[PDB]
Structures are given as C-alpha cells and as structure tokens.
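Engineer: Can you keep this structure in mind? I'll have questions shortly.
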Ligand SMILES: Nc1nc2c(ncn2[C@@H]2O[C@H](COP(=O)(O)OP(=O)(O)OP(=O)(O)O)[C@@H](O)[C@H]2O)c(=O)[nH]1
Ligand SMILES: Nc1nc2c(ncn2[C@@H]2O[C@H](COP(=O)(O)OP(=O)(O)O)[C@@H](O)[C@H]2O)c(=O)[nH]1
Ligand SMILES: Nc1nc2c(ncn2[C@@H]2O[C@H](COP(=O)(O)OP(=O)(O)O)[C@@H](O)[C@H]2O)c(=O)[nH]1
Ligand SMILES: [Mg+2]
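Residue numbers (full-length UniProt numbering), protein chains in the order written: chain F, 239 to 258; chain B, 237 to 258; chain W, 12 to 113, 126 to 148, 152 to 165; chain D, 1 to 37, 47 to 437; chain Y, 2 to 29, 35 to 207; chain G, 1 to 426; chain P, 1 to 426.
The following block contains the structure:
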C-alpha cells in the first residue's frame, strides 16, 4: 500500500508568488 | 571462484585532470 | 540524444539548456539498497535549491546501471530530473570513463564546461549539501 | 547601525517565527533563495552580491522542529548555522531546560548572537519568541534572557510570549511552567506581549469565520501584529514610532510591562465587499472586547495606556477625531492619574496579505498594544491553577529531582502575589 | 513552477517557451534560463471548452470572469451532495447584477463516456470533453488524485473528488475551495470564492 | 540522534515483538529483505530511531531477542519479516525457564545475563547517545517475568538517567493460563515499581472483548490479537519518528503523566476500532474519535474505568486534523464527564498532534491514561496471592529455589500499599 | 627493486605455505597455469617482490621448498596452485627426521643444507638487490624445526644486514601431539633468538578458538586454519606491494616494534572476522574494527594479553579509508586501557594505511604486538622442559646423534633469562 501523508509545514509553505 | 578488482590508490583517485580556469 | 521528461511523449533536451548551470552526474541502479534512500533526498534537494530562482541553477543527469529496460523506465517514472536513453552508447562510455564499478554506486560527480571532473562525492556510510551551485557556473 | 535582532526559542517560537519570516519575505519582496530580483537593512544582512540573510536565531533542544525548517523550502534563506539544535527535547519542564540540557547550547547561542550584534553598532532591540507554557521555550528562553541581560544591558528586549490559555492546555504542567517562568522573566525583560490561543480562536470563528483552524492560521494572524509593530522601523510614514520608546511611553512603573494586543480589520473576502472600512469603526472594532488576543475582558479592568499604529491610507486629521470619540464613550474607563493615554502612529504602507492566505487585502489597519488593570484576571487563575496543584504537591518529584529545589515554588508564588497586589495598588 | 514542477502543462509550457526564447536569441542579450514571468502560454487550446448546446468556445471569452475548475465524478456521493448547492450558487451569484461574474469549467473523472455525458447533462456551465487529453494533463497538473493509481514525483496529493479551484491567467492556481480538504467545510465553503480578485486575463 | 533499543523476552513478548517489527517496517516502507521502498522522504529522515544502517545499504532492527527455550526464536525466524534481525542478537537458552519465576531470574536466569547484557552494550555504545529502552514481555509466565525483568534491573543500574518502557501483559481476571500467575505478577510488580518508568498494561480478556463488540470478529488467532497491540505500540512512538504540528517525545509524555514516582501504570486505548460491516456507515471525525476515547468497552485494559477517576490521560492524535477541534473536544470531554475526572488537577487532558496517519487509515489516536480504576488488577491479583500463601501452597519450588519467605511478605507489602496510594488519591 | 625470498620447511610450513601461494596468487591475480588475468595495472606494478618473469610471461614464485620426506611434497604439486613452483626449487629428503631435532640439525640435515642453501643463493644473488627473507616452519616438528632453524643460522652468516620474518607454530598450551615438544622447542628457541630478526607466533589452539567462536565454523579443517594464518601473513607484507597513504615495510616494523634486540616475539591478530551469515549485516567501520582488534579472542597467539602490558604494538590497515579514525581511535584505545600499555614509551601505537584492501572485503586490518604477556609460553615450555629434563627423559636420541647434556643446560639458560627480562619490564 502506498504512503500519501505529508507534514503541515511542507504541504503549506509553498513558494508563494511575489507581489507586484 | 574468481573475484574482480575494484579498488584504486588515493593519488590516482583524486589527482585527475581538473578544469582550467577562464 | 540525451533525454528530459514529459508525460505522454518523451522530449529531448536542448544543448543550450545547460547554460549558466552546474551539472552533476548521478549514478544509480534500481533495486539497489542505497539508491532507494539516495533518490528521495536528492529529489528534495533538486526541488528546493533549484526552484526558488527565477533562473534554474543546477542540473542532474541520471545514469542507471540497471539490467533491464523496463526497470530503468519504471525508475525514470519516479526520477524528476533529466536522464539518458538506455540504448545509446553515451551511458556506457560515461560509466567506463568516470570510474564507477558495477558498492561505490550511488555517487555524484559535478563536472565543468569541458566535461572533465570538477568534484566527486560518494554516499558510503548531510553530504548532498557539500556541492555548491555557485561553483560550476558555465559561460 | 540602528537595527533589531530576533530570537526564536521553542517550537512555538519557531513556527511563529516561521510565519513571521513569511510575511517579512513577502513585504520586501525577497525571493526565497535570498536575493531580491534601505528598508531591508533593518532586518537583514548583505551577504555580498545581493544575498540577504535574516537576523534571527532559532534555538531548540527538540531537533524535530528545526530540521523540518532545515529540510523545508526556506533552507537557503538562513545562514546555515543560526539554526542550532540540540540532541533531545527539554520535555515540558522548566527545570530541564534551565539547568541540565540547557547549558551545552546556551554558550553556542550566546556566541551566535554576538557577531550578529556587532555587525553594526547602536543596535535597537531584541525580539524574543517563545511558548512560556512548555519546557524549552520557557526555561531556555530565560537563560538567553538572563545571559543577554548581563552582557548587553543598554538594549531593549521585546518578548512575544504565548501565554497559556484559561481553558485550553495541551500540556498539564503549564501551571508549573508559568510561575517558574514569571519570576525569572519579569525583572529580566523590558517589554512582553500577551497572546492567548483560544482568544485568537474566538477571533477566527467570529471575524474571519472559520470553525476549525490550525496553528498555521494562528501564527499567520499573529505575524500580522508583529510586522505592523515593527513597520515604523522598516517603512517611511507620516508619524512613526520605534521600538526604543516603549519604556518611554508604555511602562508606568518598572515592573509592570505586560501588554495585551489587538488587531483590526480581520476580515475575509467574504465581508470585505459587504463592508467599507472607515477609521470610525476600525478604531471601534479595535477596542471591542471580543477582539483582543488574550481572553481578557476589560469591563472589569481600567485602561492605562494605548499605542495605535495606523497603517495604510490614513489621514491624521480623522485620527484625532476618531480617538476623541472613544474618550467620550463611557463604557471604557481610563485610570484617574493618567489624563492622556493614546499614542498615535501612521505608516504609509498598506498591510500585505500572503498568497493563498485567509485575510483580505484591507486598505488601512490598526495594531493596538495596551496596558490595562484587567491583567489581574490573567495572573489570578494561573495563580489559582498553581496553588491547587501544589496544595498537596503533585508533579514535584521531577522538579526536585532535576535541580529546582523546594522554595522556588514558594518564592515565585509570593513573587506573583506581589505582582497581583501591585496591579490593584495602581487602580485605586 | 506553479502549481507543481512535475506537471505536464508546466513542462510543455517551458519547453515551448524555451524553444521560442532560443529562436529569438538565434534570430537576434536575453536571459537563460528565463524568469517565470517571461513564460507565457495559451492555457486552453481551441477545441476544449464547450457549453450547453455543445458549441466550442475560444479561451478569449473568459476575460473578466472568475473561473473555477470543478473536478467531479458521477458515482461519488460527495459530488452528488455538492452539485445542487453549487448550482444554486451559480444561479444566484451570477444573475445578481449586470455582468457574468463567475464561470465554471467541468472536468470529469467519470468511468466512461456514458457517465460523462449523463453527469454533464445536469450542469449549465462549461465543460471539457473526456476524449481530449487536456483532462488528464489538467488533473495531474493540479495533482487532483482520485485513488493512488498514478505515481507522483514526491508531491503530496492536495485533494480529490469533488474539488473546486479558482484559476489565474498564467495557469497559477489561486485557491482550492475547502470542500474536501484539511478545513473540510462541505457545501458552505463555496462562498469563499473571491470573484473580485480572481479575474482571468 | 535518539534511538530506542528494543528487548523481546519471554514466550509472549517474542510473539508480540514479532508483530511489532512487522507493522513498523511496512509503514516505514522497508522490505523483509531490509531494503527500502516507497520514495517518501518523511518515512526516511527519521529511520534511525529503530534501525541501524548495515554498510550494504540495508537496515537491521535494533531489537535483542532473548529467551531460555530455543523454540520461539526459531519460530520468529521462520515467520515473515523474520530475516531482519541479526543472528548475533539472538541469545537462546536450552533449559527452559519452566514457568518458575525464580529459575527464570536466578537459576538459569543468571547464565544468559552475561551474553544478553554484552550484546545490548554493543548496541548501546556504538550510537550517538540513546534515549530509551522499550521491552516487550509478560507478567504471567516465567521467562518473561524473570529473565527480562532481571534485564530491567541490570540495565537500569547501568544507565540510571535514561528512560525505559515496558509493554507488559497481565494475568486475566476471568480465566488464567500458567496457574502460578499470582506468584508471578506479585513478584514482578515489586521489581517494576522500583526499576520501571512506565508500564503500559495489556490484558488478554479485554482484548477478546474488543474482538467481541467493536470489531465483530469471529475467529481471532494470535495474529490479530498481537496486531492490535502493536497498533498501540506504534502510536506511542509515532510522534518521535515523524514531524507534526505539536511534537511530543517519550520522555515528554512521562513528564506530564506520572504525578508521583510510584504510580506509573497505564491503560491503553486505540481508535478507530470498526467492524467491517459498519466501516462504510461511519463518520471519522475528531469529535467522533474522542467518544471512542472514553469508551469503557474500548480500553486495552481489563478494568472498568467508570468506577474511578482518571488522574492524568494523554492522547496522541495522528493525521491532518484541525487544532481547535482537538482541544475543544478535550474540554468537551472534560466538562460533561466532570464526575469522571479528578478535581484537584485542572485541565487533566494532554493532547499531541503528529502529521502522519498510520497505513491504510486517514485519522487515528492512541490513548495512554492513568486511572485510579487500575487498582482492580492490583486488588484481584492481590487477594489471589494472599489466598494461596495463607495455606502456603506451591511455594516449595520458590523456597526450594532461593527466594525465602521474607521477600514474599515484602512483595505483597509493596503491591497492597500501591493499592493504598491509589485509594489515597481519590 | 625489492624482493622477498620465501623459504618453506616441514609439513606444517608447506601446508601453510601452500596457502600463501593461494592468497597472494589471487590478490595479484596470477593464473595457476602461469599467466595473468584481472586486467589492472596496480597488481602488475609491484610483482617482482614475490614473483619472477620466465621469458614466456609466466610468473614462477621465488619460493624455496625443503622437507625431509616426500609425502608433503606430493601434496603441494598435486593440488590447486601446484604447477606454479619450479621443480628445481623442490629439494627432497628421503629418510625423514622422525621428530628428532638432533637429526634435523646435525645428522640428516647436514648433507642437505649444502644443497638447499645452493638454491637460495641462485634466487638471492640472482636479483639486483634484496630486502629480506621470510620463513615458515614449526617448533614441535623435526624436519621443520631442525632444518629450518639450521637454515636461519647458515643464511645469517652470508646476509647479516637483511631482515628475517618467520612464523613458527609453537607447542599447544593445553594438549599437544609429538611428545618431544620441549626438546624440539627449547632447543630451537635459543638459536632462534640469536638469528631471527622478527618472529611472530601462531598457536593451533589459538586458531581453534578463533574459527569456532568468531568464524562459527562447526567443522574447521587445516585447509581453513592455514587460510586464516595465511590471510594475516599477506597483511604484514602487503604495504610493500600496494601504494598507500602511510607506507610501511617490514623494516619499518622492525625498527619500531623491537626496543631491545632480545625481545622480538610478536603476537598476530586479524579483523574483520564474522561468519558467513554476518557479512550482510555488520557495519564495516574503523571504530568497530579497532574494537575487534584489541580482543584476546582475535589473537592468533594462545595467550591473554590483559595479564601483561603491550610494550609496543602496531596495526596495518588496508583500504580506502579516512585517516582521522585511524589516528584518533589509536589515541582512544591508548587512553582508555591505561594499565594495558607500558608507561615509559608513551603513544605506543604505530599505524600504517595502505590503499588497496584484500579481495572480498573493503577495509581490513592486520595487528602485531610485542607483549610481555608472552611470558606464559616461555614459562610453560620451560617448566615442561624443566620437569622432563630433571630425570633425563628421552635424551638418548639427541645424545645418540652427537649432542651433549651441556647444550641442554644452555638452551634452558638462554631461554630462562628471556622469561626474566620480560618480567623486568612489567
Ligand atoms: N500560537 C501558537 N502557539 C503554539 C504553537 N505551537 C505550540 N504552541 C503553544 O506551545 C505550547 C506548548 O509548548 P511548546 O511550544 O509546544 O513546547 P516548548 O514550549 O518549546 O517546550 P518543550 O516541551 O520542551 O518543547 C502549547 O500550549 C501551545 O499553546 C503555534 O504554532 N502557534
Ligand atoms: N497477547 C498475547 N498473550 C500471549 C501470547 N502468547 C502467550 N501469551 C500470554 O502469556 C501468558 C503466559 O506467559 P508466557 O509467555 O506463556 O510464559 P513465558 O514462557 O514465561 O514467557 C499467558 O497468560 C498468555 O495469555 C500472544 O501471542 N499474545
Ligand atoms: N596450523 C597447522 N599446524 C600443523 C599442520 N600440520 C601439522 N601441524 C602442526 O605441526 C606439528 C608437528 O610438526 P610438523 O611440522 O608436522 O613436523 P615436520 O613437518 O616433520 O617438521 C603438530 O603439533 C601440528 O600441530 C597444519 O596443516 N596446520
Ligand atoms: Mg520543544
């Protein structure tokens, strides 16, 4: 069976786009 | 049964041709 | 002649793709015990280090010592960086050049613009970070 | 020259700091490699060709929160050795982090902060970040407070301590981990802000309208208060107020430096469309008792001081009218000896909203830091939690066995009892 | 690099735009590799979007509206719960006023063409036919996975069926509406949509 | 880093521990051949909590298998996931501690202490610096309660400051096996109160009651009984191995659960436990999991928790759940069950959120709590021991072995005073 | 360049010496038909140290093979690696010294030493410039301890400045065959200590312990036992052959490990040594290597070195390997085990690193040590010689071939002071 669980920090703090 | 040789000396492993600077 | 990924069809990479980046050769063979834990850490390092810059700064060339085309394909299906075709002779020349026996594998060699060796790091035992992308800028 | 230094200790302080250095990156538009594509100078350091490295140190003996920062996407933002991480967690004990497992990394952290501090000369302040309810934030953060106190004594030290909730615990030793912190943090830090987790829970159920949030939604909305406080250090404004003037304007008597916090507006894209945000109500929602951050109902308290940093498109001539409305209002009672208790600040920068967040792009906002005589209820129940737990001596045997002897339980309790009776001495 | 690098839309966009940049450099100082704002892509090809009455409409029609992809399955009980609320939201939110504010692109994970057409007949917004591969590329591009049947390149599955997500002009995902997610606000988070800000261009 | 060193002793403990490394290796993604599979960095970055790398790229568990009868070690090897262990770590015996607590502890108990302490020392000193010692054993049998419990006392004098935990099964209330259990459990409780940090009790007749109702299973062998105990085992060390929103360690659970140095026995519970029929018709939500939290028919323990007040209980939640719905539900379960908690401690609940659910499920929680109703087995075994000893039965194979009657009178004086302190605090 | 002449004597030497021409054969990859396969330079670079070109490309060993009976000579050229040796270097004896040292050194060896020493001159003087000679023999035997020890005396008289490095298997400590052990050991030691530059001792009861406890082989053959001692006997002369980071030779070892010219009887060990099923499991590291190396169970000398002090010691490591853990662990052992090392030579340890490890492994070590716990042999052989001489047991064969009782007094006295002058430095 596969594993499909990620932590809060990794799955949230994605590299957000910079504001104009 | 035979066994292959898979080792090298330190100087021959590291002192290789190296990149020339610009 | 050397292959990057795309889902649905396989696209070859440009020779000018490697401009201004640092190219590391990565040796692996599937089913090997150490390769299964060297793959994910270098995957995460690829993602994090190379995808903050608007310009990508690193590239990793995958070379497989596999015994089967299908096994190489199913591990390419997990590999997110670039690789090379199995039937081509460049993989054989590269493994017979850079001194890789068929427990030294897995290992990494950062190279330069001339293609000659610029740095060697193995994984026989936090060592992925020893390579710096600022070292091998290419013109 | 005149810049500020930030210390994050304990995994609450790391994650609060983690969100704090989200908004700081997005405000100045630095790219998470470390280089943008002199306002940035007040928090960063030019590491050569455009690279910025922040002036923050992360300190935890629990290696499982620093490593996930190390492995996370902000790995090259920080210079690789301000993130110093021990071997094993202090485990919710004041005694463990202050005595046994503290000292082998305090010397590394003291030596860490030194070369950062003397990168320039005339540095302004210190920014603590810790959970005072747990072990390695409270006890260890004390040590970094007391050791910095003797070295750098002419410097202000700001603390942002997540005070433990009245009803919510998530740790049963928090009554013990508070009183053993309050004595050893009172007379050693200059300025500290109460924040409570269920109060900001009641914020996000009512205003932003989410029923079941996460700590990441707590810290992101705490981070808005943090950036708005230090906004005058960063950005030019009509009337700006810095860190160095909080003993000057907020501290009446030397011991009393515990302050609440508030923020407005805190609204979604839900009702941003349905409501205009004029300065009349954002100063009315700021003082509204269900909009602080620390549960503290000020109806049974008396205000003493207030500092408002309006930010965004605010003209000053309606600031004066808006604060005049509050003084005429009768439900809020300032103390008799303090005739004027409003400090006004105006910055020119609108607050920024993180992409994929949950706050709306408001035009103008207010961050409020207040002294009230209503903190009596705050220190009363955590006195009331301590004296029942110790009434016939629960949990003492790991405190005594670790190094804190009997008597610091006693002497801190009348130390708190001194602090409670001082507040009642003020208000009469 | 948005949303995920291991995604066919991003990789084909950067292949085509790197080819265009190399052709421009060969014809004519330009930066290699180009910045993310430098890549531009026609996200939706010609024969992709069809409305009710089955008329194919170009991408240029979507200007000035808040557009959301809706990934849905015919057999899913949560989808059957979600659809009426979303119909009423479309109805009210879009007849109120003078402009067509919101607009919805339906992508099916259905188990054949019969299920796709039957579930499509219930809906008034746009749709993408299942035969065109853009469905498969889109679902992996947004990593919306039904069950673990397609391997990932280390990226975790954000959400599955049903899912609503609002779109930007450069393919950047704006936000997942929290229907089946960590928030899990079913049939009530549809009104978290930010139609003033999310404007396709 | 911190690594837990495992000890598997006794007939019971070797079977439970066999299922332990069965369930840890496949949620961590390691094949029985020792190689890794899965390509998930979180499953890998803390693998050294239980594994040691073997310079072939393969792993080896850090478990020491120790017994005095050679059959069960060959049973573990013959089972699946049995090639993981190192053959040098196997320390057999040949006499067989014939369910006589004295002879598992002295007679042929002493002659393997030299070999079993030597192999755990080799494991202990080669690492960074260790954290704790989990052992799996039984308090009914002889070699589980003699041979491993002497391994408790020899290790704890060797490392005095490090933590160690025991997952020990107990004599059943209704029907016992190994008819000298009252002598075994009472002689093993007064080594555990002196030399053990937390003793997580499992009771066999309650485990069948779990298979009675909450699973509606028909024919449960010793496969799925041990498989559900291993679920609770993995839950208490889940939060060390993986990150989360609120991380908690084994020592941090011990800081806030044991209020006084003696009473450190723990009732365990696992949720969800669903029958396969009702698996479709069930909402798996944080306010729903917290109701199987305080279900008297859900605890692994045999005692009835409704006849006492919990002194301190902890809950290791696993999964991506909202923090508010957690701590409000802990306050929800505290306010309405106000009469079922003790009053002189405010806010008794402890909660800890990790970010990794176990394999095949979306959300889980492991309950580790301290009840004053655990006094029942300390009372029911007690009047079992005082009954037999009053007519001096069976003692001639103890008195004939080295333990005379001073320690037996001492052993009951230990455990009945433990009943007194539990009643003192209620 | 440098060459080592390898001279064999007795049945025991010749069975051991067959394995040297097996383990050096495949390390250098020579084919027993004569040629070379293994297609790498670094074996072929330094091969004149043990082999000779033969104008057909085949490599004849520079080995001298003497014995007084042809039965062991039949076993050499018939087995594997048997066609390698030159027949002219096979020198025979017909009669056989029936385990009598007198006819080994005076009666039968007298008319053969003139022939075997002629063959040594052709190999020795036939090169450019020689380094040393090495000898393998016994001390219990007659044809090995007689003609062997006669050869050392007569070859020092021609080459006094070259080095001697000899294995000699001693009498067994507990139970030994060939009842004239002390008349063959004591009468050969007192001429060994005046003619041999370095001798390092091997015990068949020592290899019994190693192959049973460590190798875990239930059926140890002399074919296995000679292979183990031949494994170390490559390792003491390996760093001549392969390039390395801290190069050492035998003269390197000889100037450094022998303080005074009396005491030069060394001890031999070897690591790694794990059974067939443990090559998959152990983590091959230098820190575990040095723990295996300072154990009495590793030692090929049937003695307890912890009863005395290591006066000087040296470890020759082989393999691609970091030099910190070489240096810092030799520091660590010298600072932990204080009383196990002599005081007035601080930092007793010589370390040498050669880059190319033996085949099969990746890191290996060969350990030598001059210890003052070697008293236990010289005392055991003396008092056995003392008790068996006080009433003239079995003298009339030694006196029968031309000795006297006066050579037996001096052979005791020359080895009696050797017992005291180790005791002087303890
Ligand atoms: N606002 C906020 N509070 C947090 C967060 N994480 C933990 N806390 C608080 O931290 C308290 C427990 O202390 P922790 O920070 O978890 O641990 P610690 O204070 O560092 O001490 P240790 O137990 O040694 O780790 C809880 O009561 C929470 O209220 C967070 O992300 N945001
Ligand atoms: N839960 C569980 N208990 C067991 C198992 N095997 C034996 N036991 C229990 O072990 C107790 C007796 O101890 P035992 O292990 O047989 O004696 P030992 O030989 O001294 O270790 C009995 O009460 C059994 O209930 C098992 O597989 N699972
Ligand atoms: N290690 C080892 N010792 C042996 C072997 N064969 C004989 N010996 C020993 O040799 C001793 C007898 O001396 P030996 O050399 O055989 O007499 P010689 O050959 O006629 O000089 C006995 O004590 C044996 O222990 C062998 O193959 N290996
Ligand atoms: Mg912590």
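Every residue, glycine too, gets a C-beta built ideally from N, C-alpha and C.
I'd like to know if the stretch 226 to 246 of chain G and the stretch 360 to 368 of chain G are in contact, where contact means that at least 3 CB-CB pairs between them fall below 8 Å.
Structural biologist: A contact exists between the stretch 226 to 246 of chain G and the stretch 360 to 368 of chain G.
Engineer: Please determine whether the Cβ atom of residue 22 of chain D lies at a distance below 7 Å from any heavy atom of ligand 4.
Structural biologist: No, Cβ of residue 22 of chain D sits at least 7 Å from all heavy atoms of ligand 4.
Engineer: Between the C-alpha atoms of residue 143 of chain D and residue 376 of chain D, what's the straight-line distance to the nearest angstrom?
Structural biologist: So the alpha carbons of these two residues sit roughly 27 Å apart.
Engineer: Give, in chain order, every residue of the stretch 181 to 193 of chain Y whose Cβ lies closer than 7 Å to some Cβ of chain G.
Structural biologist: Within the stretch 181 to 193 of chain Y, the qualifying residues are 188.
Engineer: What are the start and end residues of each continuous alpha helix (DSSP H) run of 4 or more residues lying completely inside the stretch 33 to 94 of chain W, in chain order?
Structural biologist: Correct list: 46 to 61 and 80 to 87.
Engineer: Mind checking residue 64 of chain D: buried by the 16 CB within 10 Å criterion, or exposed?
Structural biologist: By the neighbour-count rule (16 or more Cβ atoms within 10 Å), residue 64 of chain D is buried.
Engineer: Are three or more beta carbon pairs between the stretch 200 to 210 of chain G and the stretch 168 to 176 of chain G nearer than 8 Å?
Structural biologist: The stretch 200 to 210 of chain G vs the stretch 168 to 176 of chain G: in contact.
Engineer: Consider the Cβ of residue 154 of chain Y: report whether some Cβ of chain F lies at a distance smaller than 8 Å.
Structural biologist: Yes, residue 154 of chain Y lies at the interface with chain F (some Cβ there is under 8 Å from its Cβ).
Engineer: Does residue 312 of chain P come out as helix, strand or coil in the three-state DSSP assignment?
Structural biologist: Of the three classes helix, strand and coil, the one that applies to residue 312 of chain P here is strand, per DSSP.
Engineer: So, under 8 Å CB-CB, residue 351 of chain D and residue 305 of chain D are touching, yes? Tell me the CB distance rounded to an integer number of Å.
Structural biologist: Incorrect: roughly 19 Å between the Cβ atoms, too far for contact.
Engineer: Label residue 159 of chain Y either buried or exposed according to how many other C-beta atoms from any shown protein chain fall within 10 Å of its C-beta, with 16 as the threshold for buried.
Structural biologist: With 16 or more Cβ atoms within 10 Å of its Cβ, residue 159 of chain Y is classed as buried.
Engineer: Whole angstroms are fine: how far does the CA of residue 261 of chain D sit from the CA of residue 426 of chain G?
Structural biologist: Distance between the alpha carbons of residue 426 of chain G and residue 261 of chain D: 47 Å.
Engineer: Cutting at 6 Å between CB atoms, please list the residues of its own chain near residue 343 of chain D, excluding the five before and the five after it.
Structural biologist: The residues are 312 and 350.
Engineer: Tell me, please, whether the stretch 402 to 412 of chain D touches the stretch 124 to 144 of chain Y by the rule of three or more beta-carbon pairs shorter than 8 Å.
Structural biologist: Verdict: no, contact absent.
Engineer: According to DSSP, what are the bridge partners of residue 257 of chain F?
Structural biologist: Answer is none; residue 257 of chain F lacks a bridge partner.
Engineer: Between residue 108 of chain D and chain Y, is the shortest Cβ-Cβ distance under 8 Å, so that the two count as touching?
Structural biologist: Taking Cβ atoms only, chain Y never reaches closer than 8 Å to residue 108 of chain D, which makes this a no.
Engineer: Taking Cβ to Cβ, would you say residue 173 of chain D is nearer than 8 Å to residue 190 of chain D?
Structural biologist: For residue 173 of chain D and residue 190 of chain D, no; Cβs fall outside 8 Å.
Engineer: Determine the burial state of residue 362 of chain P: buried for a count of at least 16 other Cβ atoms within 10 Å of its Cβ, exposed for fewer.
Structural biologist: Buried, since its Cβ has 16 or more Cβ neighbours within 10 Å.
Engineer: What residues from the UniProt domain "Thioredoxin-like fold" (70 to 178) of chain Y come within 8 Å of chain G, judged by C-beta to C-beta, listed N to C?
Structural biologist: Listed by position, the residues of the UniProt domain "Thioredoxin-like fold" (70 to 178) of chain Y near chain G (Cβ gap below 8 Å) are 160.
Engineer: Cβ closer than 8 Å: which chain F residues qualify as neighbours of residue 365 of chain D?
Structural biologist: Correct list: 252 and 254.
Engineer: Just grab the DSSP bridge partners of residue 317 of chain D for me.
Structural biologist: In DSSP, residue 317 of chain D forms a bridge with D:353 and D:377.
Engineer: Need the endpoints of the beta strand (DSSP E) that residue 166 of chain D sits in, please.
Structural biologist: Note, residue 166 of chain D: beta strand (DSSP E), 165 to 171.
Engineer: Quick check on the DSSP output: the alpha helix (DSSP H) that includes residue 110 of chain W runs from which residue to which?
Structural biologist: Note, residue 110 of chain W: premise wrong, no alpha helix (DSSP H); not H, not E.
Engineer: Residue 271 of chain G bridges to which residues according to DSSP?
Structural biologist: According to DSSP, residue 271 of chain G bridges with G:365.
Engineer: Does ligand 1 have even one heavy atom less than 7 Å from the beta-carbon of residue 11 of chain D?
Structural biologist: Yes, the beta carbon of residue 11 of chain D sits closer than 7 Å to at least one heavy atom of ligand 1.
Engineer: Along the chain, where does the beta strand (DSSP E) that runs through residue 72 of chain Y open and close?
Structural biologist: Per DSSP, residue 72 of chain Y belongs to the beta strand (DSSP E) from 72 to 78.
Engineer: Closest to residue 192 of chain D by CA distance: which of D:20, D:71, D:52 and D:141 is it?
Structural biologist: Of D:20, D:71, D:52 and D:141, the residue nearest in Cα terms is D:141.
Engineer: Could you check how far apart the C-beta atoms of residue 81 of chain D and residue 256 of chain F are, in whole angstroms? I think they sit under 8 Å.
Structural biologist: Contact flag wrong, Cβ pair sits at about 18 Å.
Engineer: When the Cα atoms are used, what is the spatial distance from residue 424 of chain D to residue 159 of chain D?
Structural biologist: In a straight line, the C-alpha of residue 424 of chain D is about 22 Å away from that of residue 159 of chain D.
Engineer: Chain G partners of residue 278 of chain P, CB-CB under 9 Å?
Structural biologist: Per Cβ cutoff of 9 Å: 86, 87 and 88.
Engineer: Would you call the stretch 328 to 337 of chain G and the stretch 380 to 389 of chain G touching, i.e. three or more CB-CB distances under 8 Å?
Structural biologist: Contact fails: fewer than three Cβ-Cβ distances are below 8 Å.
Engineer: By the 9 Å beta-carbon criterion, what residues does the stretch 261 to 294 of chain D contribute toward chain Y?
Structural biologist: Against chain Y - using a Cβ distance shorter than 9 Å - the residues of the stretch 261 to 294 of chain D are 277, 278, 279, 281 and 282.
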